[PDB]
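In the block that follows, a single chain appears as structure tokens, in the form solved without the ligand.
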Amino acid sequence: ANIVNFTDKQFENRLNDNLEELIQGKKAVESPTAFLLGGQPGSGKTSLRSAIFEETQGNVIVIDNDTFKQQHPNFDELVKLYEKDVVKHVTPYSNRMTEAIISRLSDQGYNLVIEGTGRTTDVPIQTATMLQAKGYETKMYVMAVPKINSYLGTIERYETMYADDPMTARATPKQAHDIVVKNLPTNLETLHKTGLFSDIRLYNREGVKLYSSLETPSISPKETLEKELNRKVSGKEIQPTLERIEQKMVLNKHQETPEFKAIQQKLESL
């Protein structure tokens, strides 16, 4: 409790600014649509945002839990006490802020994009059900990317953030990446069966639609996603990324890590 806590007034002032920022250039509509995202960390879900922005001709609001963590009223004091381990202390705030925003924006009828990994089915089911009760159509757009490419992506994201700010940069546990990779295929089939989503789609990093339950109702998203996740990536396709990451790690003075050494071998092994 104490400093990790905050007043309703502090919460309110932040909620109001968040709302002001998010609705800029946006307009509520009669039949709103909510797009729940999915895909393991590193897959590149930003590509899904592009496809949805296009579909809605720009009239859509993206709700990303992570963008509110450093907004905790006492973030500065919390950081001085916990430094790199501050994240766990402010997640509650971010979670509450995220739910407050979704609730307010869905009450008004804005088209929404909800950042997510699809690690579980209960979260998206809960969200979709709550939204449909408010008159929303709900879709689920998910990244379908080879596990090796998304894993390298988590590493590159970290090294890049590190280069920008060594203070707040923090790696994605490989366990967190692998758990989504392992459960996502089965989870999408489970979601397919609920019929809650008008359309469940799989996309690659270039925004190419690889699957659509609306288009192929009897085809499960499972096998198609698994195939992509386990697809063997050629050295020709992977070498460029390896070198790019390698160079960033050298700059960050991160050569003495299993990640750097593994990239060296996997690279020299070509």
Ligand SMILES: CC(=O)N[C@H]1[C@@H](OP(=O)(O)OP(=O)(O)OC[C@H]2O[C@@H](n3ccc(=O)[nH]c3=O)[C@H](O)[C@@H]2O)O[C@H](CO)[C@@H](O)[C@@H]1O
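Residue positions are given as counts along the sequence shown, with the first one as 1.
The next section is about a form of this same protein that is not shown, the form solved in complex with the ligand.
Remark: of stretches 70 to 78, 96 to 104, 183 to 191, 142 to 150, the one touching the ligand in the deposited complex is 96 to 104 (heavy atom within 4.5 Å). Contact with the ligand in the deposited complex, judged by any heavy atom within 4.5 Å, is made by just one of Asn204, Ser220, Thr241, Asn65: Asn65. Checked against the ligand in the deposited complex, the residues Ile155, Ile114, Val90, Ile200 give one hit for a heavy atom within 4.5 Å, which is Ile114. Relative to the ligand in the deposited complex, residues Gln10, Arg14 and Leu19 are all farther than 4.5 Å at every heavy atom. Looking at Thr127, you'd find a heavy atom of it within 4.5 angstroms of the ligand in the deposited complex. Contact check for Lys174: every heavy atom lies farther than 4.5 Å from the ligand in the deposited complex. Using a 4.5 angstroms limit between non-hydrogen atoms, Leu48 is distant from the ligand in the deposited complex. The ligand in the deposited complex is not approached by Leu196, whose heavy atoms all lie more than 4.5 angstroms from it. Along 19 to 53, one residue reaches a heavy atom to within 4.5 Å of the ligand in the deposited complex: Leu36.
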